[PDB]
There are 10 protein chains.
Amino acid sequence: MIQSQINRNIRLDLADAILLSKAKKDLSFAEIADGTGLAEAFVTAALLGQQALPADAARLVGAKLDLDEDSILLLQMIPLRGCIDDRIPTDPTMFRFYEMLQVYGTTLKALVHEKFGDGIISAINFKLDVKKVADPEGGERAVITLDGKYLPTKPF
Amino acid sequence: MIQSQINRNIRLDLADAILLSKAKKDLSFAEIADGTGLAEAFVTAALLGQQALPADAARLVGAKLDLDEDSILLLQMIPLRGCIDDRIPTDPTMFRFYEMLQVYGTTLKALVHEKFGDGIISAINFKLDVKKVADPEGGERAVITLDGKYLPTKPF
Amino acid sequence: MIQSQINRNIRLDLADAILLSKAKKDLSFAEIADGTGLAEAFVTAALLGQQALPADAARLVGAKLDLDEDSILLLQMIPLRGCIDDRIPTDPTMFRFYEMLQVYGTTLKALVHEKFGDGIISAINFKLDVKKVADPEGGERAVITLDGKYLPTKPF
Amino acid sequence: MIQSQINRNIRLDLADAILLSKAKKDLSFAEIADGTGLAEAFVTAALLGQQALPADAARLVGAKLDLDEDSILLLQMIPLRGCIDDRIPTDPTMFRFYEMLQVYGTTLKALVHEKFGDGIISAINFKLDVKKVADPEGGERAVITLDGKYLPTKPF
Amino acid sequence: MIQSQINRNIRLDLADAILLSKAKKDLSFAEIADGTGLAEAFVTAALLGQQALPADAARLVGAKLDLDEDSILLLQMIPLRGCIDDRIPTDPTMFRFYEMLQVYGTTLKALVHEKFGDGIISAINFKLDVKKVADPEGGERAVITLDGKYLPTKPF
Amino acid sequence: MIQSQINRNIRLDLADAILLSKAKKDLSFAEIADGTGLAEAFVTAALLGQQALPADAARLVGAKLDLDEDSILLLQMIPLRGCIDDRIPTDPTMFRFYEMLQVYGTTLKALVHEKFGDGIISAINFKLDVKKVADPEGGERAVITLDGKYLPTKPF
Amino acid sequence: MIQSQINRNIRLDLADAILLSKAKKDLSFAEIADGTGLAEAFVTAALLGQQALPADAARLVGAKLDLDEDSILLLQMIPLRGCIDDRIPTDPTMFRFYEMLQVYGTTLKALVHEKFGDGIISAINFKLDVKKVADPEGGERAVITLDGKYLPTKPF
Amino acid sequence: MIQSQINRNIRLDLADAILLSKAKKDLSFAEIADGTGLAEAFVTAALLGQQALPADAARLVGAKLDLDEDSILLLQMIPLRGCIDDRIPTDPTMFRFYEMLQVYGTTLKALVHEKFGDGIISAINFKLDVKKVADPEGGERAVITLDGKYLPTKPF
Amino acid sequence: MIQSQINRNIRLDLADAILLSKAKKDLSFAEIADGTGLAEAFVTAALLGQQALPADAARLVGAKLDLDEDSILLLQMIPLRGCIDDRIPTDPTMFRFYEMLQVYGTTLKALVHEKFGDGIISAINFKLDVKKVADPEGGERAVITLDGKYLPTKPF
Amino acid sequence: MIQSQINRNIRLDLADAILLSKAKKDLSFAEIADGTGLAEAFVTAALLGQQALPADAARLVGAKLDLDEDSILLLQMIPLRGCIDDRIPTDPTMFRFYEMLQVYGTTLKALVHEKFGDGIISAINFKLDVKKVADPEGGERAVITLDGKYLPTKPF
Ligand SMILES: O=C([O-])C(=O)[O-]
Ligand SMILES: O=C([O-])C(=O)[O-]
Ligand SMILES: O=C([O-])C(=O)[O-]
Ligand SMILES: O=C([O-])C(=O)[O-]
Ligand SMILES: O=C([O-])C(=O)[O-]
């Protein structure tokens, strides 16, 4: 039977414990996700309290991280989502993503309406991924692809 | 000589006037940007107060929208950026992007550090674009590509 | 060509002007919406800056309210939505709906997950209506129906 | 003698304990409410810290969840209600209900005044329920019914 | 037909204009409410944007204050209520009432539940009045009487 | 020697322990205050962290509730007052008193100045009480009397 | 008949006009208050929207500053007090006084209770003054005297 | 070697411990400061986490209060200052000093600039003291003296 | 006679007008400050509402910018300082300086206490300058020098 | 394998423990950083939770402070940065740096755009240092040097 959380702190505390274990075992997110059949972004978000793992996957990562039974069970709960501590990120790495919205949020709205119509790009029927690409001018770039379903707003 | 703004409301008020003129003329952002040599995302962000147009681009869009000289000048000023009224968008369309961060913000941090290292993905050495594509399951999707330079954090 | 707003105050100021004309003509929202082919809640939300009217509906309500051409065009724009002035309503009538969420928000989450699964009830693929009904014990009740599509959150 | 709480964290900590026991026993909210004679939304809200259980219901759910005597006692206390952590939900599922108010809040006020008169729809003489209905286009919908008494505001 | 507002500033702007006219004519709230058949507290609240006046009361105060037709119409609209500028009063006089709640709010909760049961004392089925009384120790006291209906919270 | 607190959580934690003891013993606030010679509103406020009890009353209530010596000492400390968790109550029962201020705050200011003059109604030279009165139309009402000294603001 | 304000912006806008007139006439606060019979801190507070002038003083300062009749009348209104724009001062000069409270606020509470008892030092039965005094080590110091009546909190 | 804190909670938790010890021993702040050579306001502020004691004073108060070695060491650390829990005091006693600034903050700015010039009155080169004195009209008053160095703002 | 402001918007509105004129005239901040004898950071801050110009400098810049007499007078007023619209900058350029404090703020405190002792580095007896320096690895760097007086916090 | 944190409190709690050990050993930050090959500002920032130490440095500071293995491991994790408890510092020493931005933030933006162009001064390709030097007029000054790469914002 599906089970859900209402207080984000239970899974975020579990995330901190997972990260300590992960660091002690010197493991990567890539290798933790390897073998689950699930995308690295999904598995990672789950460890970090923002997705639910199916049972087999929760047992697999729970074996790798030496997690107890309650922790393996918690990983299967649908989370009370929300990773930002207080609305605006304090961390530079997370903040740059918020700033992309402060600069382009209205442009995103305008071009979404122009290309699709009234409505939204979904954050639910949605996936993201992060790719590393060489910068021709030197160095590296991240290409983060946000891929969401258009849901129209129609008169009724 | 470069010129800069310190109060966002000047350019945001100009944006509202631009949008009224744009509606009266039944124009698209695509056609406004046409002939500028500049990406639709960039030109649109400028009209909306979040970027500066070069002089030639400003004259061009100014002619399309019947803008007075002061307005054309304002479009060239470096803006006081920040499109979100009060930190968290109230608009559903803009809000979904913020929600992508509430769900995936810590994952983005985690995978950026794993893939690149300590540091950030830049919001300055940076571009984005919006594409519409059919969903293989029926309907349409937006593919929003965020493309930023990795800047390392190193000890000193 | 679809046209969209980025600052809510343009449409909200128009709403105030609409309400004054509505009051001077002694009109109801029901009679304003009648003949548009559209639900009273949708048309009312449009007048109040939270939905866009199709052209014929905008011309029709604009005739009943004696709106100028700019106002009729503004009603056709996709709005920057958000009717609450500062996150928490001050008005008792609006506030009660917020309180229903303070009391039942977590129950709605829990029961949605149990009945449907992980994911959300859409506020986009969505309609609302307000029905007045006699209370069997005396007096009257409102039955407000929230009717939204279930969108699953699935692993990937 | 009736007993009441003044700090929501006591009952919210209890709710977290209850959800862990519920998950360990693989129980549903429907099974837990069944036999109490109380609506599932009402029982669920109580477990989650937002309603008080009568003594017999508290003993019945307490037995099902293997709760101690203090926990069964706490369930009978009148709570310090307020399920949202910090005013605006972070969780997408709960958030959608808040957005329905950001879009339709002023429409609800407007139509409530037109249909009933000055005053409010109560959040106290009030019930809600969640029903799953098939979407004729495919998929599922939730119909959430908010059913509240009208209380008039009258001159004095 | 009843008419309602959605932006408090329209009626609060009218209140400022009313207060200037009131001062120029050197009138009291007591005189203004006289003849209206309505309590001073209710008529005063309406002038200040927090209640609606019936049409005859509106015309009567409007004649006293020399108000134009749009102002007398505005006074009959159901207001978007909320007199506190930003949640916590800055004014000492108003602030003391807020501080009575900071000190006794949990006591009021506790004693309401003990005396009446779960539920609330209404702010809608409700009246207030202010009386001046001599203090036996010297000086004057305000006796402010809050009088609201108990509405029970019952299981269902 | 008088002793005072600077962090509300010490006394608020004690309040929660008091409420659990109170509930285990199935006591009322009326019976707790009985024999102290002090008003129920004052004694209740002290238990809930918002007043100090004189030593004799502290020992009396401490006996009834089986409190340890440090708890009885804590009850005699002058508190760091402030019962509302985060400025605006979340609990419906407490909230209604805040709404009475959102609706009538400016009327209270206006009528206080008119009846008494510039200055305030004190929240210090002050008492409150709660009475239950039958409603002639059916049901029950609370009459809450706020009774404060007028302190004038005078030029100097 | 006494008159009162409910929106601080009316007297704050008048303050800005007063300051521009004062600057044009190159006047000081000391010379504006001289001849009024009223303390410089009281007169200055009135000009700046935080106190009400008696009629003669209002006319006297109105003549010095060349104010119109509505402005002279406004100065006589009891203000909606609150000089800080948004809770915490942005201006360094005002900020230092807030910082004195962030450092010494709990010490002020502790020593007030120790010296006087439970209760407060009044902000109403209160005066302040600003004196300049040579610093023996060189330079100048301000001695700002806050002088308030003790009001006790007593059991009832 | 000087040592400094970065999280106020460590010293604020110590302040609570000190206050409990102080109450158990029935001590005054005046007695605690006696023999230190230091003003009661400075020593009290240190106990409450807002100042650092020199080693000899820390040992002396530590002996009076039976503090352990870690606590005596903590008292010598330079604090992360800030005694107000969340910007605006909830406590009536502390709040009145904040209200003094809401009423007189702009007057203090204005008169400081007139008497001294552009710049500030220091909160660092600064002392404060609290005196109790009889009110000639009956009762008691606090004279709180804020004594700070004028630091000019000069062009450069 | 020195003159001061109490509402930042008067000078910030002047700043926007200054910036439009500066742009129409294609002027740099460097050339506006040239001839004034004042550092470019100081003159620029004054234009932007954060410092006062001496009379001669105000007339000089007034001449270059074609400002009216009221504007030149306004420039000489001591401002109500605070350039950030709402606590945290929205603009990326400004925001990076805030982030420097989010990363190094506690290190600044720690190292100031270690090097100088308890107290502060002044923001009043203070100057700042901005230099452009070539980056040995290519491109350009800003070296921004913050230079402030240490004021000690000593016992008294 | 690189490891990262998502909740600042883990490393901030570690910082408090580090600071206690540091004080018990009477160490300076200069002495701690000595032998590490890294700048005092960088190593201090890491101890305080705002940078990551390379393994050799972590083991070395770990030996000096007698940290356990988990603690040495934690110091090598990439932090969730953000040292300011709640947006605006409460501590005077940290606050002065924030004030420097309230006074000069728009000047920094203006002069950066003039000297470099549209874009930013990086907080990532960035270093700072704190120097103590005598003030020619007596006393001591801090020279804090902010040194960041210019990254341009260019059309695309
Ligand atoms: O965002 C950036 O690119 C930065 O701060 O360096
Ligand atoms: O985000 C969504 O997909 C929605 O609300 O329908
Ligand atoms: O919500 C209610 O029912 C009320 O306030 O009367
Ligand atoms: O509330 C009060 O009584 C005061 O401030 O004087
Ligand atoms: O407050 C002070 O003394 C300062 O910042 O210079």
# chains A, B, ... in the order shown; residues from 1 in each chain; ligands from 1

$ interface_residues --of "chain G" --to "chain J" --cutoff "12 Å" --atoms "only C-alpha atoms" --output "count of residues only"
15

$ residues_around --residues "residue 44 of chain J" --least-positions-apart "4" --cutoff "8 Å" --atoms "only C-alpha atoms" --output "list in words"
residues 107 of chain I; 29, 33, 40 and 48 of chain J

$ residues_near_ligand --ligand "ligand 4" --cutoff "8 Å" --atoms "only C-alpha atoms and all ligand atoms" --output "list in words"
residues 92 and 96 of chain E; 120, 121, 122, 123, 124, 125, 149 and 151 of chain F; 120, 121, 122, 123, 124, 125, 149 and 151 of chain G; 92 and 96 of chain H

$ residues_around --residues "residue 67 of chain C" --least-positions-apart "2" --cutoff "12 Å" --atoms "only C-alpha atoms" --output "PyMOL selection string"
chain C and resi 14-15+17-22+47+58-65+69-75

$ select_by_dssp --residues "chain H" --states "strand (DSSP E or B)" --output "PyMOL selection string"
chain H and resi 4+78+119-134+140-152

$ closest_residue --among "H:80, H:23, H:53, H:143" --to "residue 5 of chain F" --atoms "only C-alpha atoms"
H:23

$ residues_around --residues "segment 130-141 of chain B" --least-positions-apart "6" --cutoff "8 Å" --atoms "only C-alpha atoms" --output "tab-separated table (two decimals) with C-alpha atoms, in the first residue's frame"
chain	number	residue	atom	x	y	z
A	108	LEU	CA	9.88	31.66	-20.48
A	111	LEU	CA	7.57	32.18	-25.35
A	112	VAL	CA	5.63	29.29	-23.78
A	115	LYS	CA	4.68	28.54	-28.97
A	116	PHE	CA	1.99	26.45	-27.21
A	121	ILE	CA	4.90	23.53	-18.99
A	147	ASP	CA	11.53	18.53	-20.68
A	148	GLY	CA	7.90	19.06	-19.71
A	149	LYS	CA	4.47	18.39	-21.12
A	150	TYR	CA	2.34	21.33	-22.27
B	41	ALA	CA	15.05	34.46	-26.07

$ select_by_dssp --residues "chain A" --states "alpha helix (DSSP H)" --output "PyMOL selection string"
chain A and resi 8-25+29-33+40-47+55-64+69-74+92-115

$ write_last_selection --atoms "C-alpha atoms" --output "PDB file, in the first residue's frame"
ATOM      1  CA  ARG A   8      10.075  17.085   5.044  1.00  0.00           C
ATOM      2  CA  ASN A   9      12.558  16.859   7.944  1.00  0.00           C
ATOM      3  CA  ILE A  10      12.267  13.071   8.329  1.00  0.00           C
ATOM      4  CA  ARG A  11      13.538  12.352   4.776  1.00  0.00           C
ATOM      5  CA  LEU A  12      15.990  15.298   4.801  1.00  0.00           C
ATOM      6  CA  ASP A  13      17.580  13.936   8.038  1.00  0.00           C
ATOM      7  CA  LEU A  14      17.776  10.553   6.249  1.00  0.00           C
ATOM      8  CA  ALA A  15      19.426  12.312   3.303  1.00  0.00           C
ATOM      9  CA  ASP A  16      22.207  13.692   5.628  1.00  0.00           C
ATOM     10  CA  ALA A  17      22.802  10.147   7.026  1.00  0.00           C
ATOM     11  CA  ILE A  18      22.898   8.757   3.473  1.00  0.00           C
ATOM     12  CA  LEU A  19      25.419  11.371   2.439  1.00  0.00           C
ATOM     13  CA  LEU A  20      27.706  10.559   5.406  1.00  0.00           C
ATOM     14  CA  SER A  21      27.577   6.802   4.563  1.00  0.00           C
ATOM     15  CA  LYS A  22      28.142   7.643   0.873  1.00  0.00           C
ATOM     16  CA  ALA A  23      31.199   9.710   1.753  1.00  0.00           C
ATOM     17  CA  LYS A  24      32.569   6.976   4.082  1.00  0.00           C
ATOM     18  CA  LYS A  25      32.215   4.427   1.245  1.00  0.00           C
ATOM     19  CA  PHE A  29      25.684   8.967  -7.422  1.00  0.00           C
ATOM     20  CA  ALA A  30      26.360   7.312 -10.787  1.00  0.00           C
ATOM     21  CA  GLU A  31      27.323   4.026  -9.184  1.00  0.00           C
ATOM     22  CA  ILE A  32      24.531   4.149  -6.649  1.00  0.00           C
ATOM     23  CA  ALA A  33      21.959   4.465  -9.520  1.00  0.00           C
ATOM     24  CA  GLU A  40      20.734   9.022 -12.082  1.00  0.00           C
ATOM     25  CA  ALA A  41      18.690  12.283 -11.605  1.00  0.00           C
ATOM     26  CA  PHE A  42      15.694  10.345 -10.339  1.00  0.00           C
ATOM     27  CA  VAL A  43      17.654   8.083  -7.953  1.00  0.00           C
ATOM     28  CA  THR A  44      19.686  11.023  -6.633  1.00  0.00           C
ATOM     29  CA  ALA A  45      16.562  13.135  -6.030  1.00  0.00           C
ATOM     30  CA  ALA A  46      15.116  10.168  -4.113  1.00  0.00           C
ATOM     31  CA  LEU A  47      18.195   9.817  -1.832  1.00  0.00           C
ATOM     32  CA  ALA A  55      10.897  -1.288  -3.330  1.00  0.00           C
ATOM     33  CA  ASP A  56      13.597  -3.168  -5.251  1.00  0.00           C
ATOM     34  CA  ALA A  57      15.549  -0.012  -5.930  1.00  0.00           C
ATOM     35  CA  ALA A  58      15.241   1.059  -2.252  1.00  0.00           C
ATOM     36  CA  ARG A  59      16.637  -2.379  -1.232  1.00  0.00           C
ATOM     37  CA  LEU A  60      19.468  -2.099  -3.782  1.00  0.00           C
ATOM     38  CA  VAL A  61      20.628   1.357  -2.694  1.00  0.00           C
ATOM     39  CA  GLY A  62      19.984   0.366   0.939  1.00  0.00           C
ATOM     40  CA  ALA A  63      22.433  -2.544   0.505  1.00  0.00           C
ATOM     41  CA  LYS A  64      25.119  -0.297  -1.056  1.00  0.00           C
ATOM     42  CA  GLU A  69      15.206  -1.366   7.555  1.00  0.00           C
ATOM     43  CA  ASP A  70      13.347   1.792   8.663  1.00  0.00           C
ATOM     44  CA  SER A  71      15.601   3.860   6.304  1.00  0.00           C
ATOM     45  CA  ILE A  72      14.935   1.492   3.391  1.00  0.00           C
ATOM     46  CA  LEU A  73      11.212   1.785   4.155  1.00  0.00           C
ATOM     47  CA  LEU A  74      11.381   5.634   4.391  1.00  0.00           C
ATOM     48  CA  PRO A  92      25.852  29.597  -4.954  1.00  0.00           C
ATOM     49  CA  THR A  93      25.479  26.398  -7.022  1.00  0.00           C
ATOM     50  CA  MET A  94      21.704  26.126  -6.428  1.00  0.00           C
ATOM     51  CA  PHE A  95      21.231  29.904  -6.519  1.00  0.00           C
ATOM     52  CA  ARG A  96      22.452  30.234 -10.162  1.00  0.00           C
ATOM     53  CA  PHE A  97      19.429  28.204 -11.203  1.00  0.00           C
ATOM     54  CA  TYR A  98      17.152  30.554  -9.276  1.00  0.00           C
ATOM     55  CA  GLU A  99      18.893  33.510 -10.945  1.00  0.00           C
ATOM     56  CA  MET A 100      18.194  32.020 -14.417  1.00  0.00           C
ATOM     57  CA  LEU A 101      14.517  32.375 -13.423  1.00  0.00           C
ATOM     58  CA  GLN A 102      15.003  35.942 -12.133  1.00  0.00           C
ATOM     59  CA  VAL A 103      16.502  36.858 -15.545  1.00  0.00           C
ATOM     60  CA  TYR A 104      14.431  34.696 -17.930  1.00  0.00           C
ATOM     61  CA  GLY A 105      11.220  33.760 -15.994  1.00  0.00           C
ATOM     62  CA  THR A 106       9.020  36.268 -17.880  1.00  0.00           C
ATOM     63  CA  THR A 107      10.668  35.311 -21.219  1.00  0.00           C
ATOM     64  CA  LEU A 108       9.879  31.660 -20.479  1.00  0.00           C
ATOM     65  CA  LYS A 109       6.282  32.624 -19.829  1.00  0.00           C
ATOM     66  CA  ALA A 110       6.031  34.799 -22.994  1.00  0.00           C
ATOM     67  CA  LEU A 111       7.568  32.182 -25.350  1.00  0.00           C
ATOM     68  CA  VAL A 112       5.630  29.291 -23.785  1.00  0.00           C
ATOM     69  CA  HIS A 113       2.389  31.172 -24.497  1.00  0.00           C
ATOM     70  CA  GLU A 114       3.553  32.113 -28.027  1.00  0.00           C
ATOM     71  CA  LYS A 115       4.678  28.538 -28.968  1.00  0.00           C
TER      72      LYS A 115
END

$ atom_distance --atom1 "atom CA of residue 83 of chain H" --atom2 "atom CA of residue 86 of chain I"
23.0 Å

$ atom_distance --atom1 "atom CA of residue 27 of chain I" --atom2 "atom CA of residue 155 of chain J"
23.0 Å

$ atom_distance --atom1 "atom CA of residue 85 of chain F" --atom2 "atom CA of residue 6 of chain D"
9.6 Å
